[PDB]
>>> print(open('data-v4.csv').read())   # CSV, C-alpha atoms
chain,number,residue,atom,x,y,z
A,1,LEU,CA,-62.3,31.9,-239.9
A,2,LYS,CA,-62.3,31.6,-243.7
A,3,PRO,CA,-65.0,29.5,-245.2
A,4,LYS,CA,-63.9,25.9,-245.8
A,5,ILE,CA,-66.6,24.8,-248.4
A,6,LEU,CA,-66.0,21.0,-248.9
A,7,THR,CA,-69.4,20.3,-250.7
A,8,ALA,CA,-68.3,17.8,-253.4
A,9,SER,CA,-70.1,20.1,-255.9
A,10,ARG,CA,-70.6,18.5,-259.4
A,11,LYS,CA,-74.0,18.1,-260.9
A,12,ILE,CA,-77.6,17.2,-259.9
A,13,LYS,CA,-79.8,14.8,-261.9
A,14,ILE,CA,-83.3,16.0,-260.9
A,15,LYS,CA,-86.5,15.0,-262.8
A,16,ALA,CA,-89.3,17.3,-264.0
A,17,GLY,CA,-92.1,18.2,-261.6
A,18,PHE,CA,-90.0,16.5,-258.9
A,19,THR,CA,-88.5,17.5,-255.5
A,20,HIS,CA,-84.7,17.6,-254.9
A,21,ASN,CA,-82.6,18.2,-251.7
A,22,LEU,CA,-79.4,20.1,-252.5
A,23,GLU,CA,-76.9,20.0,-249.7
A,24,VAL,CA,-73.5,21.8,-249.2
A,25,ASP,CA,-71.1,22.6,-246.4
A,26,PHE,CA,-68.4,25.2,-245.6
A,27,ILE,CA,-66.6,26.3,-242.4
A,28,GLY,CA,-67.0,30.1,-242.7
A,29,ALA,CA,-67.3,32.6,-239.8
A,30,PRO,CA,-68.0,34.5,-238.0
A,31,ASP,CA,-71.4,34.6,-239.8
A,32,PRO,CA,-70.2,34.1,-243.4
A,33,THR,CA,-72.2,34.8,-246.5
A,34,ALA,CA,-73.3,32.1,-248.9
A,35,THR,CA,-75.1,33.0,-252.2
A,36,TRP,CA,-77.0,30.4,-254.2
A,37,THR,CA,-76.5,31.4,-257.8
A,38,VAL,CA,-77.4,29.6,-261.1
A,39,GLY,CA,-74.3,30.0,-263.3
A,40,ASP,CA,-74.8,32.4,-266.2
A,41,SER,CA,-72.0,34.5,-264.6
A,42,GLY,CA,-74.6,36.6,-262.6
A,43,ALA,CA,-77.8,34.4,-262.7
A,44,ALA,CA,-79.2,33.1,-259.4
A,45,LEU,CA,-81.6,30.4,-258.2
A,46,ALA,CA,-84.2,30.3,-255.4
A,47,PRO,CA,-87.6,31.6,-256.7
A,48,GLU,CA,-87.8,28.5,-258.9
A,49,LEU,CA,-87.4,26.2,-255.8
A,50,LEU,CA,-86.7,26.4,-252.1
A,51,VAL,CA,-83.4,27.3,-250.5
A,52,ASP,CA,-81.8,27.1,-247.0
A,53,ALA,CA,-78.3,28.0,-245.7
A,54,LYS,CA,-76.2,27.9,-242.5
A,55,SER,CA,-73.2,29.9,-241.3
A,56,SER,CA,-70.8,26.9,-241.6
A,57,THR,CA,-72.8,25.1,-244.4
A,58,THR,CA,-75.9,25.4,-246.6
A,59,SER,CA,-78.4,23.4,-248.5
A,60,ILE,CA,-81.2,24.3,-250.8
A,61,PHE,CA,-84.5,22.7,-251.9
A,62,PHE,CA,-86.0,21.9,-255.3
A,63,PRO,CA,-89.5,20.6,-254.4
A,64,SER,CA,-90.7,22.4,-257.6
A,65,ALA,CA,-87.9,21.2,-260.0
A,66,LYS,CA,-88.9,21.0,-263.7
A,67,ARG,CA,-87.2,20.9,-267.1
A,68,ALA,CA,-86.7,24.7,-266.7
A,69,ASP,CA,-84.7,24.1,-263.5
A,70,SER,CA,-82.1,22.7,-265.9
A,71,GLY,CA,-79.4,25.3,-265.0
A,72,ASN,CA,-75.9,25.6,-263.5
A,73,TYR,CA,-76.5,26.1,-259.8
A,74,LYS,CA,-73.3,27.9,-258.8
A,75,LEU,CA,-73.0,28.8,-255.2
A,76,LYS,CA,-70.3,31.1,-253.8
A,77,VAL,CA,-69.8,31.7,-250.0
A,78,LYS,CA,-67.3,34.0,-248.2
A,79,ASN,CA,-66.4,35.5,-244.8
A,80,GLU,CA,-64.4,38.8,-244.4
A,81,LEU,CA,-61.2,37.6,-246.1
A,82,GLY,CA,-62.0,33.8,-246.5
A,83,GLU,CA,-63.8,32.9,-249.7
A,84,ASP,CA,-65.0,29.5,-251.1
A,85,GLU,CA,-67.3,28.3,-253.9
A,86,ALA,CA,-68.9,25.1,-255.1
A,87,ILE,CA,-70.2,24.5,-258.6
A,88,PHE,CA,-73.5,22.5,-259.0
A,89,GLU,CA,-74.6,21.8,-262.5
A,90,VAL,CA,-78.3,20.9,-262.0
A,91,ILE,CA,-80.2,19.3,-264.9
A,92,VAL,CA,-83.8,18.0,-265.2
A,93,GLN,CA,-85.2,15.0,-267.0
>>> encode(input="data-v4.csv", output="structure tokens")
Amino acid sequence: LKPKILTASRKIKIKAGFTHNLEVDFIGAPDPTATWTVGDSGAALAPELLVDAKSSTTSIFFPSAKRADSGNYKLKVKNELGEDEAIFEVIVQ
């Protein structure tokens, strides 16, 4: 079952020293693989916030978001031969 990621994916206006709740969804299986990256063509995100993910979906946290968090949260999921991806430009104010 290829991953059908429908998460709108666009941007994320978070504030500094704030908490965000990133959400996403994708029908991938069996047991697909979703990676939460941060643009940069190789950069990733997680240790600068919280992150969660499910086989047919995924969502990550930003309870510790700050000006630095200002990055391009790019997530890419897959599943054997099915592949999907959602771009999330996250900024902080």
>>> closest_atom_pairs(input="data-v4.csv", of="stretch 59-79 of chain A", to="stretch 24-47 of chain A", cutoff="8 Å", atoms="only C-alpha atoms", output="tab-separated table")
residue	atom	partner	partner_atom	distance
A:59	CA	A:24	CA	5.2
A:71	CA	A:38	CA	6.1
A:72	CA	A:39	CA	4.7
A:73	CA	A:38	CA	3.8
A:74	CA	A:37	CA	4.8
A:75	CA	A:36	CA	4.4
A:76	CA	A:35	CA	5.4
A:77	CA	A:34	CA	3.7
A:78	CA	A:33	CA	5.2
A:79	CA	A:32	CA	4.3
>>> closest_residue(input="data-v4.csv", among="A:52, A:18, A:86, A:92", to="residue A:5", atoms="only C-alpha atoms")
A:86
>>> closest_residue(input="data-v4.csv", among="A:22, A:49, A:12, A:17", to="residue A:90", atoms="all atoms listed in the file")
A:12
>>> atom_distance(input="data-v4.csv", atom1="atom CA of residue A:89", atom2="atom CA of residue A:48")
15.2 Å
>>> atom_distance(input="data-v4.csv", atom1="atom CA of residue A:58", atom2="atom CA of residue A:20")
14.4 Å
>>> atom_distance(input="data-v4.csv", atom1="atom CA of residue A:63", atom2="atom CA of residue A:50")
6.8 Å
>>> closest_residue(input="data-v4.csv", among="A:8, A:1, A:60, A:14", to="residue A:93", atoms="all atoms listed in the file")
A:14
>>> closest_residue(input="data-v4.csv", among="A:3, A:80, A:9, A:55", to="residue A:23", atoms="only C-alpha atoms")
A:9
>>> decode(input="data-v4.csv", residues="chain A", atoms="C-alpha atoms", output="compact mmCIF listing (two decimals), in the first residue's frame")
# COMPACT_ATOMS: atom_id res chain seq x y z
CA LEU A 1 0.00 0.00 0.00
CA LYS A 2 1.86 3.11 -1.19
CA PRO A 3 1.86 6.05 1.23
CA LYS A 4 -0.91 8.55 0.41
CA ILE A 5 0.35 11.65 2.27
CA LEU A 6 -2.42 14.28 2.06
CA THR A 7 -1.10 16.68 4.75
CA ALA A 8 -1.76 20.11 3.19
CA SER A 9 1.88 20.97 3.89
CA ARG A 10 2.72 24.67 3.48
CA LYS A 11 4.21 26.69 6.36
CA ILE A 12 3.98 27.02 10.15
CA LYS A 13 3.83 30.43 11.86
CA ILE A 14 5.14 29.57 15.35
CA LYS A 15 6.31 32.11 17.96
CA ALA A 16 9.57 32.14 19.94
CA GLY A 17 9.70 30.15 23.21
CA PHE A 18 6.26 28.76 22.23
CA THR A 19 4.71 25.31 21.71
CA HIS A 20 3.46 24.12 18.30
CA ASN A 21 1.57 20.97 17.25
CA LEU A 22 2.59 19.92 13.72
CA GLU A 23 0.21 17.36 12.17
CA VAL A 24 0.43 15.29 8.95
CA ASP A 25 -1.18 12.18 7.40
CA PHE A 26 -0.32 9.57 4.75
CA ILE A 27 -1.81 6.14 3.96
CA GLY A 28 1.40 4.08 3.75
CA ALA A 29 1.89 0.39 4.61
CA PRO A 30 2.58 -2.10 5.63
CA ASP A 31 4.53 -0.18 8.29
CA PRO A 32 5.86 2.65 6.10
CA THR A 33 8.74 4.99 7.00
CA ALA A 34 8.26 8.73 7.61
CA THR A 35 11.31 10.95 8.25
CA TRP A 36 10.87 14.46 9.69
CA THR A 37 13.60 16.55 8.04
CA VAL A 38 14.25 20.28 8.08
CA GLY A 39 14.92 21.30 4.45
CA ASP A 40 18.58 22.11 3.74
CA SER A 41 18.56 19.08 1.41
CA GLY A 42 19.77 16.77 4.21
CA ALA A 43 19.03 18.72 7.41
CA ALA A 44 16.55 17.21 9.88
CA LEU A 45 14.45 18.31 12.88
CA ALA A 46 13.53 16.68 16.21
CA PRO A 47 16.17 17.43 18.88
CA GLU A 48 15.01 21.07 18.75
CA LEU A 49 11.43 20.05 19.59
CA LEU A 50 9.26 16.94 20.01
CA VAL A 51 8.16 14.54 17.25
CA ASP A 52 5.60 11.74 16.80
CA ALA A 53 4.60 9.62 13.80
CA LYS A 54 2.16 6.83 12.84
CA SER A 55 2.20 4.21 10.04
CA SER A 56 -0.61 5.89 8.04
CA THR A 57 0.13 9.42 9.29
CA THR A 58 2.43 11.44 11.54
CA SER A 59 2.61 14.62 13.63
CA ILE A 60 5.43 16.32 15.46
CA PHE A 61 5.66 18.72 18.41
CA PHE A 62 7.37 22.10 18.95
CA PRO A 63 6.80 22.78 22.68
CA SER A 64 10.29 24.29 22.58
CA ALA A 65 10.02 26.42 19.41
CA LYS A 66 12.17 29.56 19.23
CA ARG A 67 13.58 31.98 16.63
CA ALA A 68 16.15 29.26 15.82
CA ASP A 69 13.36 26.78 14.96
CA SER A 70 12.88 29.05 11.93
CA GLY A 71 13.67 26.35 9.34
CA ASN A 72 12.09 24.38 6.47
CA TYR A 73 10.52 21.32 8.10
CA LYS A 74 10.51 18.95 5.11
CA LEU A 75 9.07 15.50 5.82
CA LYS A 76 9.39 12.53 3.43
CA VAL A 77 7.59 9.21 3.96
CA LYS A 78 7.70 5.99 1.89
CA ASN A 79 6.71 2.30 1.93
CA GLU A 80 8.45 -0.38 -0.18
CA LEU A 81 7.58 1.13 -3.60
CA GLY A 82 5.12 3.86 -2.57
CA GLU A 83 6.64 7.25 -1.70
CA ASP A 84 5.11 10.57 -0.62
CA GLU A 85 6.41 13.84 0.85
CA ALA A 86 5.06 17.03 2.45
CA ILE A 87 6.90 20.36 2.67
CA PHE A 88 6.46 22.37 5.88
CA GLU A 89 8.18 25.78 5.99
CA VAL A 90 8.26 26.54 9.72
CA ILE A 91 9.13 30.07 10.86
CA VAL A 92 9.25 31.68 14.31
CA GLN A 93 8.29 35.20 15.46
